[PDB]
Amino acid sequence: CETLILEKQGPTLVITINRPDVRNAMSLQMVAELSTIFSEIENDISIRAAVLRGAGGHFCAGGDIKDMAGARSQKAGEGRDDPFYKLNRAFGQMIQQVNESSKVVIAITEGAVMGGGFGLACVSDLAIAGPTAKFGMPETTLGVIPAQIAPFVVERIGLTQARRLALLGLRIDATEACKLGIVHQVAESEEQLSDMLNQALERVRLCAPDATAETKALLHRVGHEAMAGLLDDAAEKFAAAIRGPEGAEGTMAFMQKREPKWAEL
């Protein structure tokens, strides 16, 4: 990886965004590497959680002006052939992919949180903010549509709060972001961040990977199909988990007050 530092750490992969020189501005190249890492871990057993963090006290400054310059310089198509379409769309593919990943996705969100980075925060299972975290959508002030980001902001916090943020192009701080639900928690120091992150990784260790993945997929279906058919499907998944190896293991563990296999070390 050119753009990211990877580190295994028990059942959890730490992904550090590694371009502190340009405040982690997000380039097409990064997008592709993120897409790749998430595709590779998707059907991997040892990885239960993925932590997203930026090197240098900044999560993401925005896009990379260079990819835009690059795309202007290419031949103009008009459709999905247009280099600006292709450039922009890949941000949404990757964000959506991360949203639907079978892994527990944790975003540690420091300093600037913009563009693609704001999107990633909007699709995490847990987001923790550092006290300098700033979240903004200045796009319309530049005559640009926040096309790939705003839709995840609507899912994240709802239409009512998203309207205000997106259409007035506001920049907000960690405390307001937490109140709105962009992030779940705010840490008042670099220390508290660590504790909060560790507590959450503790939680990941105790939770069963297959059950966690099946649950997560059920959650994304709520509200997009009738509840009754969803619950039918949910009950089949329950019956299947009970008769499969994880549920078997989990029963034994509660019998003897001991930790289950997936939770050891």
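The first residue of the sequence shown is number 1, and the count goes up from there.
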Exercise. According to the deposited model, is the average Cα temperature factor higher in 199-207 or in 43-51?
Worked result: 43-51
For this session: Output the stretch having the higher mean C-alpha B factor in the entry; the candidates are 172-180 and 155-163.
Result: 172-180
For this session: Go through 124, 74, 148, 97 one by one and give the residue whose Cα B-factor in the PDB entry is largest.
Result: 74
Exercise. In the PDB entry, which of 56, 62, 229, 223 has its C-alpha at the highest B-factor?
Worked result: 56
Problem set entry | Third of the chain's Cα B-factor distribution that residue 215 belongs to, per the entry | lowest
For this session: Consider only the C-alpha atoms of the modelled residues in this chain, order them by B-factor as the entry records it, and name the third containing residue 119: lowest, middle or highest.
Result: lowest
Seminar exercise, completed: residue 234: CA B-factor among chain residues, third -> lowest
Seminar exercise, completed: Of the three thirds of the chain ranked by Cα temperature factor, residue 194 occupies the highest
For this session: Could you look up the Cα B-factor of residue 90 in the entry and say which third of the chain it sits in: lowest, middle or highest?
Result: lowest
